[PDB]
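A lone chain, given as structure tokens: the form deposited in one PDB entry.
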């Protein structure tokens, strides 16, 4: 144990869609799945990142060989969401904060592989494949593949058209069996399944998380407890409304996978604390309005601060404080 079935459950739970179930099961019957998740080194990571980090935790529990890609070249190709000089600083910021999040949720880092895009995306072999891919990929398909990912501007830049192709090639160069990302990556994922074979490379399994609403409808990973409270003070959390609820979503995608349970802090007057072992049970109580928005938020606030504490402490140094400012002037 875990059995192939148990691994499949851990790997696919909470996902919106799985592409390649046949191959996925063939792999799990014999060996560990090789999978990666990529993130362009753009904006400062916020609490929403705990969502993909939770799936990464699931992959490791399932015995997967996991790689995290810091896509610095992609950040540059996406309408320069980060200058080339600041890219290296942002890669550092991302590496430090992502590792901090993983340590916070108790994910062993000794087995995770961290890689930067420019570590191999400028190599001759990779570049040759970019040109080979460009010879078969139509301008049309490239533009369509990145519609929901690359910033759409009035006068589209050539860089935006290259973006999808490099993400596809990353699957082969990182030597993975699968790629995990949000459902917003779907068009790039299908693009990769169609074109990698054209270059003699295998199509990969694709795991897609749903687009989860945020807690603030953003809470920075380094925000002080005071700001966390203030930002939570809002958040779309209407009584009895279980849809488009960022607070419930955070519990479903982050807290339950982490602790396997969720405790609602509630006054004795209204029933006292209650421990839920399944998200569906909590949702039922929220819909019945026996779990008040204020108590739901307070319960998440306590749990979130527990996740952020070690992170805020880690970055409480002159060096890291300097990096944060340098990476984001």
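Residue numbers count along the first chain shown, from 1. Here the rigid core means the biggest group of C-alpha atoms that line up within 1.5 Å when the two forms are laid on top of each other.
As for the form deposited in another entry, it is not shown, yet the points below apply to it.
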query: From 169, 207, 255, 77, residue displaced between the shown form and the other one - CA threshold 2 Å or more, rigid core; finding: 77
query: Residue 157 C-alpha shift between the shown form and the other one of 2 Å or more, rigid core reference; finding: no
query: Large Cα shift (2 Å or above) at residue 13 between the shown form and the other one, core-fitted; finding: no
query: Per-residue C-alpha change between the shown form and the other one, residue 320, threshold 2 Å, rigid core fit; finding: yes
